[PDB]
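First up is the structure itself, then whatever we jot down about it.
Reminder, nothing fancy here: chain letters follow the sequence lines and each chain counts from 1.
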Amino acid sequence: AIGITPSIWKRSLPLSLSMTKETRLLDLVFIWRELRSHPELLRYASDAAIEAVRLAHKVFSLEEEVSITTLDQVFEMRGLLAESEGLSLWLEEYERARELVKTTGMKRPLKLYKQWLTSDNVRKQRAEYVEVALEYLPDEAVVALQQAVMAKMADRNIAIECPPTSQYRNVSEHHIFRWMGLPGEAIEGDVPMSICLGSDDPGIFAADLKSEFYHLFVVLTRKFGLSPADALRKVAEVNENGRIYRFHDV
Amino acid sequence: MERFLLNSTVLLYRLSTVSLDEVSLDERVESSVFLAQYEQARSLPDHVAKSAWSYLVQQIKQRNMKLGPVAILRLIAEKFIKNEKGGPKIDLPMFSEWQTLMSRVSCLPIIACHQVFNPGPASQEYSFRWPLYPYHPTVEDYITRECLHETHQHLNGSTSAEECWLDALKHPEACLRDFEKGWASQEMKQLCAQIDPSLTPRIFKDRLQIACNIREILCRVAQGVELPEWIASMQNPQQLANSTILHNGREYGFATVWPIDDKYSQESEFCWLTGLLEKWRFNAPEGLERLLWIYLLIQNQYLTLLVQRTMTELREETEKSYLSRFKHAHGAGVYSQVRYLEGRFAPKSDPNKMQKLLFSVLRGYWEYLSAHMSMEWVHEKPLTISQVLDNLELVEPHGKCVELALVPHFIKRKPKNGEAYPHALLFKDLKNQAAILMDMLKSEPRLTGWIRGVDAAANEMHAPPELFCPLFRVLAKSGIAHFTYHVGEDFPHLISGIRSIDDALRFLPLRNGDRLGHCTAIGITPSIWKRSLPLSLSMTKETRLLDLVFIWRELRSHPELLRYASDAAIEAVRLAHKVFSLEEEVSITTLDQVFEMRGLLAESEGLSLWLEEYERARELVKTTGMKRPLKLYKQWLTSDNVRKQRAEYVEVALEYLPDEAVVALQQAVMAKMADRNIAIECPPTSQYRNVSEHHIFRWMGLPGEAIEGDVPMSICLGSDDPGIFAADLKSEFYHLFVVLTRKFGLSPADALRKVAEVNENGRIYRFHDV
Amino acid sequence: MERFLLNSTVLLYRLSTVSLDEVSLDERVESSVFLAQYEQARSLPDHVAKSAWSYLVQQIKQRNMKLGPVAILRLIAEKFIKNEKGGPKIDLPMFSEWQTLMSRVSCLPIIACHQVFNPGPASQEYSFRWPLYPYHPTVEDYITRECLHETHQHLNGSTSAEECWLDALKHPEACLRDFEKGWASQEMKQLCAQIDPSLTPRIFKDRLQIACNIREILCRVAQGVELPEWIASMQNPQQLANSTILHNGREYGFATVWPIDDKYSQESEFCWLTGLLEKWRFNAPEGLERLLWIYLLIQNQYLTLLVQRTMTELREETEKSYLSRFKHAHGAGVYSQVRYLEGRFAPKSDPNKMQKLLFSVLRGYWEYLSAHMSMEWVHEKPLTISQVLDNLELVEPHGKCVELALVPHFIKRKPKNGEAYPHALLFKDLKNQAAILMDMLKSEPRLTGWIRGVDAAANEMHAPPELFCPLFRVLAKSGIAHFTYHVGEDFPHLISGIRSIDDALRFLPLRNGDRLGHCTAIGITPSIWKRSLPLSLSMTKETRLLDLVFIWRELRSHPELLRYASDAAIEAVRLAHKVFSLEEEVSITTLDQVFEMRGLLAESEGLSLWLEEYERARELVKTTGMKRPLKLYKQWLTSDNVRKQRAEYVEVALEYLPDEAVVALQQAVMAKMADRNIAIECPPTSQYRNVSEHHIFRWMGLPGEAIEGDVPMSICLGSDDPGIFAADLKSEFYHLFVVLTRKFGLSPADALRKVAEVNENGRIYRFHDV
Ligand SMILES: [Zn+2]
Ligand SMILES: [Zn+2]
């Protein structure tokens with residue numbers, strides 16, 4: 001999602017895509033969170049906030065007023081174990097909710113999250129479907145969200161295993177090249193992200209890590225015009241990322 | 001300085017009160033002229049006026065004339081009118097000054113003087129025609145090829161103020177009846193005091209009678225008929241205030257015989273004036289010249305009062321005023337000057353009167369067409385709307401004649417002291433008028449091909465756009481295509497006007513190709529909008545709160561105006577706190593929710609074709625999260641405390657928002673209008689010294705007038721000048737051309753392109769049936 | 001996802017095979033929908049489809065509807081159609097999606113559903129009209145002022161595919177006859193398998209009969225007539241495959257009484273569908289709703305097959321199809337929407353049939369004109385072409401109605417196994433057709449004012465342009481002004497298409513103002529021409545050699561492409577070495593000499609009006625130095641070895657020439673076209689995902705689509721969409737306007753200017769008599 005461009009992500013897709021209300025609300029909250037500080041995307045942030053409050057109004061069947069701030073509070077508690085205190089080694093996260101229920105000001109987020117978890121009406125509304133326009137956010141805004149997630153990943157030093165894989169006609173349109181920073185594929189505000197290699201091709205017989213390495217080398221040398229040395233450097237950086245971020249015991 | 005001798009309350013009073021044998025009135029004409037100039041054009045620096053008057057006397061004395069109407073008219077005619085090509089025309093460099101003069105003086109005496117003292121070739125028999133235009137071959141060729149399109153004609157009925165003078169003389173007692181029924185109104189008392197302090201209905205009547213009697217007497221001398229004996233008894237102009245004069249024991253009437261059957265027609269007036277000036281070519285009797293002066297002064301005063309403003313209008317409910325309207329829109333040639341004419345009329349609350357008005361309009365149109373094409377007319381003498389429509393169905397849109405599109409008005413009135421909700425009784429009267437219109441359209445479906453549009457004109461502040469939304473929706477379904485609504489004309493604040501335009505956009509059912517109206521609030525610059533205005537303007541709390549919400553909505557996303565958006569939000573929450581007498585906390589978000597429901601019918605569910613918007617509120621009341629907006633809106637509609645607080649007043653600084661922020665709001669509304677493809681009918685109109693400062697040029701994109709972030713908006717033309725006599729669509733087209741060519745330096749071709757784009761917008765956004 | 005419930009082979013098979021009392025078919029409708037989506041739009045990522053179907057069921061269930069044709073049609077109508085101004089229209093933002101939908105679904109059921117569940121004002125009596133357009137005042141004003149011009153109308157005869165459905169129902173046995181006579185053809189077997197694998201003529205016939213019977217039954221319920229008793233016996237939709245149903249011992253017919261005289265007319269279809277949906281407004285019987293579903297599916301499948309494709313065409317040889325054609329080109333108003341219409345028809349090999357077709361066309365045109373003007377018609381009832389021409393001579397080009405220009409086709413067929421020279425028998429059949437045409441023009445010289453042009457359409461690869469040059473020259477002398485020839489549509493390689501256009505330019509007798517055709521090869525970019533193509537494309541050796549010679553000719557003078565020119569020359573010499581089985585040395589110069597003689601008639605001198613080109617070769621054989629070119633061309637024409645080698649195949653790399661070189665060739669052909677003032681009729685059409693990638697925008701010069709060295713080429717418009725039902729010139733004009741305004745960001749005025757230039761090119765390069 002953070003490698004595919006909005007340009008080549010909507011190529012044979014219907015002008016309206018239907019999702020679940022829970023995903024729609026969470027997406028609106030995420031848009032607000034990430035575009036609050038963007039001076040050029042404040043309109044989109046505000047519209048996302050307004051739509052999020054509205055959709056929360058039915059999803060929760062709320063009669064009162066719920067602000068985007070308290071919606072954010074509610075949705076930051078998704079990491080809590082459901083059956084902790086609101087519904088040996090497991091003891092820590094059994095009580096992890098106790099700190100939350102101790103905070104005197106965490107009332108309405110807590111009860112709202114409990115409705116989100118247990119209420120049959122809220123669960124039916126969560127499974128409900130709603131339509132979203134393909135151009136709900138412009139390409140610029142989608143790229144801004146992608147680059148924000150990129151920056152988060154780079155800051156936390158989280159690597160991305162990228163094997164070669166529906167909307168790509170040719171392999172030269174793959175997002176691995178955008179991540180590797182090839183001219184014409186990288187976008188202005190991109191951030192390097194420590195891509196690692198993986199031998200996983202969904203629709204091929206008899207694939208190998210060497211096969212994918214050679215495929216990347218061939219694409220780089222023939223379609224991007226890179227010399228063998230430069231192409232080898234680019235593929236080797238990803239391959240070495242595999243070793244740097246290996247899980248093996250040191 | 002010549003205008004002050006033909007339009008002056010002081011001069012009229014003096015001349016009408018002193019005896020006709022006084023003689024030697026130069027001192028007093030001069031003093032009254034200076035008083036009139038101080039009252040009307042105060043900014044003359046007190047010595048330019050002295051010098052201008054000295055030059056005027058010098059010209060009169062050198063040319064061996066006497067200070068009087070004949071000399072003044074001769075000077076004006078030599079200065080403005082010539083002969084070129086066909087008939088008299090106005091100088092291109094002098095047309096602007098001529099228009100300013102027409103705002104004070106009637107053109108017919110001047111044209112008569114021109115025809116007498118400087119006639120054109122004695123081969124083109126001149127038939128009087130108003131108004132006088134300049135000549136430019138490019139403009140004439142463009143008019144001949146494309147014709148002119150009228151989209152805004154609703155000012156004095158739809159006729160020029162100059163035929164209203166003769167209509168008043170024809171129906172003096174109808175005019176007196178209207179004046180009295182309306183002089184009880186304060187608005188009117190103030191207006192009468194501001195024009196002529198000691199006017200009153202009685203002197204109004206006396207002045208009308210004096211004008212009629214003077215017209216009769218001067219017709220006698222124009223024909224040269226024997227000066228009847230009772231003229232000797234006539235010594236003091238006040239004697240003419242009455243229907244008869246008493247010479248010795250007997251009461252003689254002033255009436256005489258007139259050549260033309262209609263003695264109150266502008267042709268008759270022109271003939272009489274031409275004869276009088278021909279007889280007085282070399283000199284005139286002092287008393288009769290003073291009578292002519294008094295007649296001209298009375299006419300000009302009446303026209304001033306009329307332009308600055310039901311029954312006299314009812315008298316335009318025959319197939320005569322409309323026939324003259326169509327003949328006038330058509331030029332003097334075979335092919336009409338005006339192609340697509342929009343005809344706006346007030347809808348009547350009586351079905352009979354409505355059928356009446358519509359039959360009159362349609363039959364006048366049919367007669368006009370019959371005078372320009374020959375065809376089998378089915379009913380040679382239509383008597384009913386059905387027969388007139390049978391006749392009109394045969395007319396093809398060849399383009400020879402005018403094509404009519406009728407648009408009923410909707411007059412908005414101020415809310416009254418006690419009603420269920422604001423503008424309840426107004427919404428009612430509109431409901432009954434719309435019901436009559438819909439029953440008409442039913443009983444005659446063919447009337448949908450001639451009634452194309454419902455415009456809501458009248459004062460902006462008296463009813464907001466959100467009140468007309470249910471009516472416009474219901475009419476849309478009853479078969480009324482195209483909608484119009486006056487917005488941005490008069491506003492307590494520029495932000496208020498911009499907000500009104502935005503509310504009209506986002507509440508009215510305006511479809512693609514619809515037109516709004518003047519929309520002055522998004523054309524006038526903040527620089528030239530606060531030029532003689534107090535540093536603080538007072539508005540109503542409801543307008544203040546809505547303006548703050550609008551500012552927040554439009555400047556949320558502006559990185560450079562976030563401070564103003566935040567302050568607007570905070571002030572909006574505060575003002576809502578008293579207006580609603582709320583104890584709890586209301587956010588700007590819920591305020592926005594509350595104020596997006598203004599388009600709902602008040603008596604829908606919170607207080608056949610009407611069923612849809614009777615239940616339109618049910619969706620709102622179904623949404624579980626729309627509680628507090630709903631109850632708050634109900635308080636806004638019904639609560640007596642909230643209504644009193646809404647009518648309360650609060651002060652706002654003139655620089656509450658900087659020029660940059662106001663322009664940003666204007667450009668946001670511009671972008672909305674361009675996106676929805678809504679056109680703006682812009683006629684020429686308080687803060688503009690010169691016509692070159694008009695916002696039409698900003699909209700047209702002239703360098704030095706357009707602002708960086710402006711958006712084109714599809715301006716259409718309209719012949720509506722509030723303060724002129726005898727204006728026309730051709731006159732306004734020529735005025736725009738003259739301003740563009742002389743003040744903006746544009747070549748004739750470029751100026752013609754710019755004016756033609758607006759004119760063609762009239763055709764593109766016409767309401768006529770295709 | 002709604003399109004897969006109205007156009008689906010799997011759904012049709014399932015619904016037509018299971019009993020009418022099965023009930024509860026949701027699982028299966030869903031599974032068949034996913035199969036249809038995988039078969040048709042494969043690129044949906046397998047979960048977007050799941051979600052879309054879930055949303056569809058959610059909408060149906062919330063609005064208390066049952067999964068079926070009524071619900072699907074209601075959803076589509078609410079989503080696409082409204083009421084604005086006059087009659088229903090499509091959203092401007094939704095028009096592109098509506099066009100894509102029209103490529104799969106018929107519009108009449110959707111318009112009926114809109115008229116039932118969301119009618120406009122009850123004052124505009126709606127008469128069904130196809131297709132549905134969007135509304136924009138600028139476009140409507142432009143159409144009213146300038147009208148639209150049709151230069152390319154040759155796709156399904158000249159009628160939309162939607163009336164062909166009713167024509168098939170009217171003549172089921174004619175349609176069955178055509179299907180069988182053509183199902184023996186391989187091309188057709190492959191097409192039928194690719195659309196519906198198990199189609200066969202027998203199920204074709206059964207489906208037509210089922211559609212007819214369902215139409216009769218549903219007409220009964222639309223009128224509400226007593227549900228005849230034999231409906232109970234009807235249990236399985238296959239029972240409707242036959243002309244009669246057997247209830248108990250008896251055979252009952254399905255026919256009933258119909259209100260309108262023509263029960264197979266689109267008005268009758270609309271009336272029946274409107275009545276059915278009105279009766280089923282709230283619910284419908286499951287069995288009858290399934291019958292309606294099956295009818296819609298059968299209609300859509302038939303239309304898909306028809307659009308993706310003699311006798312049924314012969315049945316359009318009356319003065320009915322042409323009269324409807326002209327009435328449809330004319331709008332609903334007094335003045336025609338289409339001004340200059342080019343009418344293209346296949347020339348018949350029988351003089352009787354040709355006279356027949358032409359009398360039908362001319363009489364339909366005369367009837368259309370008689371329905372719009374009143375004049376002394378000489379022969380009130382013309383019976384012969386001479387009488388119809390006597391009638392038509394009185395018609396002036398005022399502009400009220402359409403003006404017809406007839407253009408006979410020339411269908412090119414693939415060369416056969418054994419003939420004297422390639423396309424000998426084809427050139428023959430063309431010769432006989434041209435002879436018939438010339439004898440017609442002789443026996444009636446006035447027919448030259450109505451037959452203006454000989455177009456050669458059909459598949460490009462089946463006959464090269466050089467074959468038609470003698471025919472076009474002879475016709476030019478027989479009195480046929482203007483010539484047209486399809487080029488650049490389908491090519492084995494982009495270089496091959498560009499070469500074909502160049503050959504057409506330099507061999508056909510195209511004069512100033514002539515038009516070529518699609519010319520896609522010089523509009524499609526090399527970037528978007530190789531998107532799903534194999535890295536190697538195989539062509540014939542003759543095309544390969546000609547392409548190499550063309551590359552050399554065009555890149556000789558290019559300093560940056562000299563390497564490609566030299567390689568092309570070397571490869572051309574090599575390939576000529578086997579193709580000609582030459583032992584000696586042949587240079588590229590003599591190869592060029594050989595291949596410039598392709599315009600010569602084969603049987604001239606190397607193998608009355610025809611005399612000129614019979615001897616045209618004598619000049620060549622006179623030139624002493626033209627030996628080896630002549631003998632080589634004779635080998636090229638006659639030698640069996642050379643002909644076998646010509647039909648041989650060879651592989652060419654997709655990147656044989658770089659994008660730069662291909663663009664250089666395209667721009668060279670562009671420059672040739674601009675110099676010779678040859679226009680390009682560009683209708684909207686495999687490698688384009690979205691319409692914004694069409695080459696018409698490159699030709700129009702939009703930023704981001706035009707290439708640096710492009711040359712304007714006088715593009716004209718044409719209403720020819722290969723894969724849509726119910727398309728129109730107005731529809732394509734609006735589609736171009738919508739794309740320009742929404743995808744390229746152009747203002748309405750700029751977009752209108754760009755589309756208007758192409759439209760006006762249609763008038764400038766019209767073939768009509770001046
Ligand atoms: Zn107005
Ligand atoms: Zn074609």
Side-chain angles (χ1 to χ4, degrees), chain A residues 21 24-25 28-29 31-32 34-72 74 105 107-108 112 115-116 119-126 128 130 135-138 140-141 144, chain B residues 502 506 549-566 568-569 572-573 576-577 580 582-597 618-634 661 664-665 667-669 671-672 675 709:
Chain A
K21 291 210 173 123
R24 188 26 172 187
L25 183 52
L28 291 163
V29 171
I31 290 159
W32 177 71
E34 297 314 322
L35 303 181
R36 269 165 342 185
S37 54
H38 273 84
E40 314 76 17
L41 307 163
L42 283 173
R43 194 184 100 246
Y44 305 114
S46 317
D47 312 334
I50 294 165
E51 297 175 356
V53 172
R54 186 171 348 219
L55 193 60
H57 276 312
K58 354 149 198 197
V59 167
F60 284 107
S61 272
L62 272 180
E63 277 290 31
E64 314 76 358
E65 182 140 36
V66 59
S67 46
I68 192 68
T69 25
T70 171
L71 269 186
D72 192 60
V74 173
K107 213 10 75 157
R108 176 98 175 292
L112 279 169
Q115 218 185 352
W116 175 271
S119 185
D120 283 60
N121 208 302
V122 181
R123 278 178 50 190
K124 194 193 60 38
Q125 274 278 339
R126 273 171 70 178
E128 282 287 291
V130 53
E135 275 70 276
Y136 170 71
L137 277 194
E140 312 63 345
Chain B
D502 177 6
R506 71 187 199 117
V549 171
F550 166 77
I551 290 159
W552 177 71
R553 284 167 59 84
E554 297 314 322
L555 303 181
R556 269 165 342 185
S557 54
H558 274 84
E560 314 76 17
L561 307 163
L562 283 173
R563 194 184 100 246
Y564 305 114
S566 317
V573 172
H577 276 312
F580 284 107
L582 272 180
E583 277 290 31
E584 314 76 358
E585 182 140 36
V586 59
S587 46
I588 192 68
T589 25
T590 171
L591 269 186
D592 192 60
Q593 271 173 47
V594 173
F595 295 139
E596 283 183 71
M597 306 177 352
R618 278 209 223 142
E619 282 69 346
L620 281 296
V621 312
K622 235 167 205 179
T623 320
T624 172
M626 263 313 278
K627 213 10 75 157
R628 176 98 175 292
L630 242 142
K631 188 263 283 229
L632 279 169
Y633 188 62
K634 259 204 234 160
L665 298 170
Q667 294 166 345
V669 174
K672 288 185 218 93
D675 161 75

Region of A/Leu41 that comes under 4.5 Å of a non-hydrogen atom in chain B: neither
To see if you've got the definition right, give the donor-acceptor pairs under 3.5 angstrom between chain B and chain A.
unit_1: B/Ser587; atom_1: OG; unit_2: A/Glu65; atom_2: OE2; d: 3.4
unit_1: B/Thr624; atom_1: OG1; unit_2: A/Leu62; atom_2: O; d: 3.4
unit_1: B/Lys627; atom_1: NZ; unit_2: A/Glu63; atom_2: OE2; d: 3.3

Minimum heavy-atom distance B/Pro559-A/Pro39, with the two atoms named: CG-O, 3.4 Å
